[PDB]
Amino acid sequence: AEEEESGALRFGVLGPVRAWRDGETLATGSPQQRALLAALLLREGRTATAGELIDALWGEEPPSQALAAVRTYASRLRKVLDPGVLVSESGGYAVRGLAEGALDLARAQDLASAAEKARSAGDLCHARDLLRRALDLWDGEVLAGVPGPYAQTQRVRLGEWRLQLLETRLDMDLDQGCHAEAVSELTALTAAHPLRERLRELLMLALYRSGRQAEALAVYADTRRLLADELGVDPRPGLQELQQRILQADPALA
Amino acid sequence: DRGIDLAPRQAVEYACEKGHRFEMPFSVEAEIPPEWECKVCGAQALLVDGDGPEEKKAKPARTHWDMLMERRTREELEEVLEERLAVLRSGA
Amino acid sequence: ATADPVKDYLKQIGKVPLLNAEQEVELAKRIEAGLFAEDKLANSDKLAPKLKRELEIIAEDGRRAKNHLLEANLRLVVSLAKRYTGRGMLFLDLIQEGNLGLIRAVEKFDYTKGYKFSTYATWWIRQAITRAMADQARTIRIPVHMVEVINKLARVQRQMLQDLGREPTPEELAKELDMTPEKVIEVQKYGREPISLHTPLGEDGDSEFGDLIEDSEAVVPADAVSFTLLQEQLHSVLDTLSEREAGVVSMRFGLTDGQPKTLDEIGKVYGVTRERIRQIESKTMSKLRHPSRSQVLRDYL
């Protein structure tokens, strides 16, 4: 609310496709139109040619004469957004005029870099506040209802980035002395995603000092059974090592 | 190139005014155009279902007479012509 | 018949009779005689055969006078073509293109303007010569309006250089010509002359400039080996997974063929809902996303 300046046009990709024009919404339109606007939004303002956008929306088999289709999608964007916010060069399309804080993705990289800098500087309160602001950026599933295998690619990429971001958040929560909300979040995420080894290692680390041992190794045994049933291999050596040092109960990491 | 199935291809025969006949393939889904060039002499190809000139006149370049029409009028044409015949009779 | 056909052409011009005023106005009158006579011949009306032959004689005389006017005016076109020589086009080719301009010029002449042929012909000579220079001199073709824009910019840049004795910034030239600076950068990037591939490097003679350049289209054997090993390893890891999972992933990205298929497209041959097919698909992506089956593909990018 403190960064809501006059004339600000805010764009959002981490949650669904929406536009905020000084507090009032804009109709982003068709799902393919939403995917087109998102594809322009991921490229931080390239002039990207018509064939590349056609491939981004659809992939291997776009209809043959659908170049005029993308043309009229561009017309839709130009009449629903500002005339000058979208400009065309040599047949390519480009959204400019994006200030700081206009895109939630740019704010996400900014907050991640600030958290990394604070971790390098050894600060904890400012980094915790930065990642608290960062976890409020995503709203539900990223890229809600957009077609295209391209959109699937940045969907899985942003999901993986969110996974490492929450891994770092939970890790600093564990090292600074937070366990209750930590184990709550880890249990919720392992309920959501059952086949991540790193989050279950985080479960072991969090429960190891919060006063919980039986269900931690029960969850580990369930992980071993599912990983043997679905993969039939052995887990990472760092895991077995973490369970090992746990077993002799070293109070060094208290 | 392994396991890739090629698109079905059809044979369309093109004939030119000089009688040259050549066979070249088209895709089944692709539209068949009645207008094409000749592989032998580069002449216009015809005799593919329905075909025509389609205004082969192409606005032919203006001749000297067209430039002369701008320069001189009808009655001027008549009077210059008789003047030149008078020059002929004087010279003969 | 010898070398330097420029000398041979100049002697082939010969001692043509230069035309004083009454001579060329009489020749122009004979041009009109022949032209209007052949125009009368072009009509389909039936006249006396003797009159037709007389008009054909007038047409032949008009063609002869047109020729004579051409050999009378090859001197002026040579004197004008040398003004724009040594700029990427050959001197005799400039002469020939000016000859095209002159045969265009004389066709569009009338005797009503009692003026000499020089002041009317020189316009078409300069126009045709500069049009041919714009069209054919450069290896990459530049349209005539781009050529006139770029050489106007070049001449005003030279004027700026001789005025203030220093190299101007492109912004100054842009604002004094009322175009955008990026347009100026674009047009002076376009206005460039290619350098021939066969330039010698130095004292060595066998080493040429042409053997120093590589080609990006050349196939790298390492890249092809990596591609075929990626295909083999992808088939191996597909065989590693379950048969039904391998079948459903083989069609989602259309790995087996050249065409990918949607979830509704494969719901008829195998007969499951969209919910279940996308659930097992995402389960396959998650299983392949596990770090166990990653080192076999992470370095493969």
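Every number in this text was worked out from the coordinates using simple rules, so none of it is lab data. Cβ: placed from backbone, ideal geometry, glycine included. Neighbour counts: every protein chain shown.
Would you grab the residues whose amide H sits under 5 Å from the one on B:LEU46? Only those 5+ places off in sequence or on another chain, please, with H modelled 1.01 Å from N.
For B:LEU46, whose amide H was placed from the backbone, the distant partners under 5 Å are B:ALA15, B:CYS16.
Under the √(5λ) rule applied to the eigenvalues of the Cα gyration tensor, what semi-axes describe the equivalent ellipsoid of the stretch C:84-185? Give them in Å, descending.
Details: eigenvalues 222, 59, 33 Å².
Three semi-axes, in Å: 33, 17, 13.
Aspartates and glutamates near C:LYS283 by alpha-carbon distance under 16 Å, same-chain residues fewer than 8 away left out - which ones?
A:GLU160, A:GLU197, A:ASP229, A:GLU230, C:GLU243, C:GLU245, C:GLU275
For a distance above 37 Å, tell me the whole-number percent of Cα pairs in the protein assembly as shown that qualify. Present the calculation step by step, with values, prior to reporting the outcome.
Working: 140617 of 208981 pairs.
Above the 37 Å cut-off, the protein assembly as shown has 67 percent of its Cα pairs.
What number, rounded to the nearest 500 deg cm²/dmol, is the helix-based mean residue ellipticity at 222 nm of chain B, given -39500 (n - 2.57) per DSSP H run of at least four residues and division by all its residues?
Numbers: 2 runs with 26 residues, N = 92.
That calculation yields -9000 deg cm²/dmol at 222 nm.
Cut-off 10 angstrom, C-alpha nodes, Gaussian network model of chain C. Which of C:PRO194, C:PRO143, C:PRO221 fluctuates the most?
Of C:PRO194, C:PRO143, C:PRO221, the Gaussian network model singles out C:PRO221 as fluctuating most.
Provide the per-residue ³J(HN,Hα) series for the stretch A:186-195, in order, calculated from phi with Karplus coefficients 6.51, -1.76, 1.60 and θ = phi - 60°, each as a whole number of Hz, with x at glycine and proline positions.
Each residue of the stretch A:186-195 in turn: 5, 5, 5, 6, 6, 5, 6, 10, x, 10 Hz.
Using unit Cβ charges (K, R positive; D, E negative) and no other charged atoms, how large, in debye to the nearest 20, is the dipole of the stretch A:74-158 about its Cα centre?
180 debye
Over what distance in Å are the Cα centres of the stretch C:144-186 and the stretch A:194-243 separated?
What the calculation gives is 71 Å, centre to centre.
Going by C-beta contacts inside 10 Å, put C:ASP299, A:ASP139, C:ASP45 in order with the fewest on the left.
C:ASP45, C:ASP299, A:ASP139
Given a 10 angstrom Cα cut-off, can you work out which residue in A:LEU103, A:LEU165, A:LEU239 is the most mobile in a GNM of chain A?
A:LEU239
Can you list the HN-Hα couplings for the stretch B:54-68, worked out from phi with the Karplus curve (6.51, -1.76, 1.60; θ = phi - 60°), rounded to whole Hz and with x for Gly and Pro?
For the stretch B:54-68, the Karplus curve yields 6, 6, 6, 4, 6, 6, x, 3, 4, 7, 4, 4, 4, 5, 5 Hz.
Express the relative contact order of chain C as a whole percentage, based on alpha carbon pairs under 8 Å and six or more residues apart in sequence.
Worked out over chain C, it gives 8 percent.
Say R0 is 30 Å: what FRET efficiency, to the nearest 0.05, do C:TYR270 and A:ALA188 get from their beta-carbon distance?
Efficiency, rounded to the nearest 0.05: 0.30.
Could you state the number of Å between the C-alpha centres of the stretch C:82-107 and the stretch A:54-125?
After rounding, the separation between the Cα centres reads 55 Å.
Kindly give the semi-axes, whole Å and largest first, of the ellipsoid equivalent to the stretch A:186-254, taking each as the square root of 5 times a Cα gyration tensor eigenvalue.
Values: eigenvalues 84, 41, 19 Å².
One finds semi-axes of 20, 14, 10 Å for the stretch A:186-254.
Fully extended, how many nm does the chain gain between C:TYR190 and C:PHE209 (0.36 nm per residue separation, minus their Cα-Cα distance)?
4.5 nm
With viscosity set to 1.567 mPa s and temperature to 4 °C, compute the Stokes-Einstein D of chain C, Rh being the Kirkwood radius across alpha carbon pairs; µm²/s, no decimals.
46 µm²/s
How big is the Cα convex hull of the stretch C:176-301 in projection, averaged over all directions, in nm²?
17.3 nm²
Setting aside same-chain residues fewer than 8 positions from C:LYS82, which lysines have a Cα under 25 Å from its Cα?
By straight Cα distance, C:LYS82 reaches C:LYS7, C:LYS11, C:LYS15, C:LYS66, C:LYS108, C:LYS116, C:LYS152.
Cut-off is 10 Å between beta-carbons; in what order do C:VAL219, C:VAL16, A:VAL17 appear when sorted fewest neighbours first? Provide the component values of the computation, followed by the final result.
On the way: C:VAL219 8, C:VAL16 13, A:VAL17 21.
Least to most surrounded, the residues fall as C:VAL219, C:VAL16, A:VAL17.
Just for the Cα atoms in the stretch C:58-136, what are the lengths along the principal axes, largest first, rounded to whole Å?
Extents along the principal axes, in whole Å: 43, 25, 20.
Taking the Cβ of each residue in B:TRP65, A:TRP161, A:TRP58 as the centre, tally the other Cβ atoms inside 10 Å and list the residues starting with the fewest.
B:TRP65, A:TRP161, A:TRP58
How long, wide and thick is the stretch A:1-132, going by the Cα atoms along their three principal axes, in whole angstroms, largest first?
So the three principal-axis extents are 57, 34, 25 Å.
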